[PDB]
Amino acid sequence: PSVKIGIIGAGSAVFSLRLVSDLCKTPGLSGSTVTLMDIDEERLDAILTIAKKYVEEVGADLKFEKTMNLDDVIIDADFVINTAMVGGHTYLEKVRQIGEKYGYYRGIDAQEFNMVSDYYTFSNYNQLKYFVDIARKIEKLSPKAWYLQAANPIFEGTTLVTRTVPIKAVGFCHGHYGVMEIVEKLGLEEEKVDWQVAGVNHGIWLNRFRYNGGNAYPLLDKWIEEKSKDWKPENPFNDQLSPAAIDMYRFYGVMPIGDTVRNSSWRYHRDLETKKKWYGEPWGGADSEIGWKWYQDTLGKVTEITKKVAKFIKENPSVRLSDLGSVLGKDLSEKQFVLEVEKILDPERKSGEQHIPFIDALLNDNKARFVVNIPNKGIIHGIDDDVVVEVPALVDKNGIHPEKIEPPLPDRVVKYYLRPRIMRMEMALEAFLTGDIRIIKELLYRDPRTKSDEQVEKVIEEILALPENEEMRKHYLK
């Protein structure tokens, strides 16, 4: 039979096309039916146009279905992948501005160890509620389907779903590929490196880093001593080897990986100039207003180009996606988009997203190593059983088999980084589940940016008064 895979938030083109192309490149999953769902009809139609073109151009037999309805993407599904962001970037920025208006630089959701700009955990009640609503619908309509959480917040979200809805659920992220930048900068062969990461999503550490039967951190130490002085970031997100990362490594004893670097204490984020010092010129990292605008702009351009490409495919039914950049111009935006298209068109190249390989491991026993977000259940020492952690695991027809963490994470990481980060995840979930507004007020009473009780009352009142937050306000009413 045809494996049914549903994608919520399918309008996110690059992601959907990566999943679609990976499926086409996976023998055991050929013939699958992909239901694409979104609330934005234009973005939805655009991805359907491009995905259908792709499948035909490459000779695949993948079938598609379109819907704007949650029930249709879930009914009969074997896997449900959620990449939706309720409220979009417009909601994120309106809230951030309200925060800054009341003295909270970068918004109230930016907290010690969670500076990632689109990783809201308190003001995005609607996003958290959608995760739960999807999970409950899966429980009711397709009880044996897997819920694959791709949207942020992955840590809070996956913990919330696994603790409250009895379905199979896992979160997936690309964060760990930061390991590959370190390996390449040290001139080491990836296949010769024995690595392991552990922590929570966007809060992971390189607990094991060996090369040729020995601890390889000395090689990183050599790189820091001899070459870090010449280090420069290529874009706002290129901070794996920034002063912030190195300094965290020096204190904790292991390297923070990926977005974990952005998720430092307030020390590296007191102001723009401080951000530039730790994350590099000219942006001050992805989470400054400069760096975040850089990001928002690239996203806008990607959506523009997708819409253009879709339009053109419909008007020029004979054009081939491989005739890319003959239709598209040559500005940075377009050239990058063509590189992406070429990678998805290459039959021997997988995208790197873990969703499809995960499905193939489970259904066809093509086992592989994954970095997954699952309930801890003792994997990481010192963390509660029901806290979702991000760790490596072998996955096969018999399911997810967590690796043993070794060497274990250093005590400093567990005691001084993960524990406070978990405490704020616990507050976010307790506020969400109980509707007790004093949990959110407590988070702000302890926030270093808070100067008075009036400030806390006002920022909360304004966020709860936004039109899209009517049910959130009622949920929090005493």
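When you see a residue number, it is the position in the sequence shown, counting from 1.
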| item | value |
| --- | --- |
| Which of 237-245 and 188-196 has higher mean CA B factor, as the PDB entry lists it | 188-196 |
| Selected stretch [higher average CA B-factor]: 36-44 or 429-437 | 36-44 |
| Member of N263, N316, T158, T83 with the greatest C-alpha B factor (per the PDB record) | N316 |
| Identity of residue with top Cα B-factor, from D109, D386, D331, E93 | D331 |
| Among modelled residues of the same chain, the CA temperature factor third for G258 | lowest |
| Lowest, middle or highest third - CA B-factor, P448 | middle |
| Chain-relative CA temperature factor third for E353 | middle |
| Modelled-residue ranking by C-alpha temperature factor, third containing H269 | middle |
| Third of chain Cα B-factors occupied by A145 | middle |
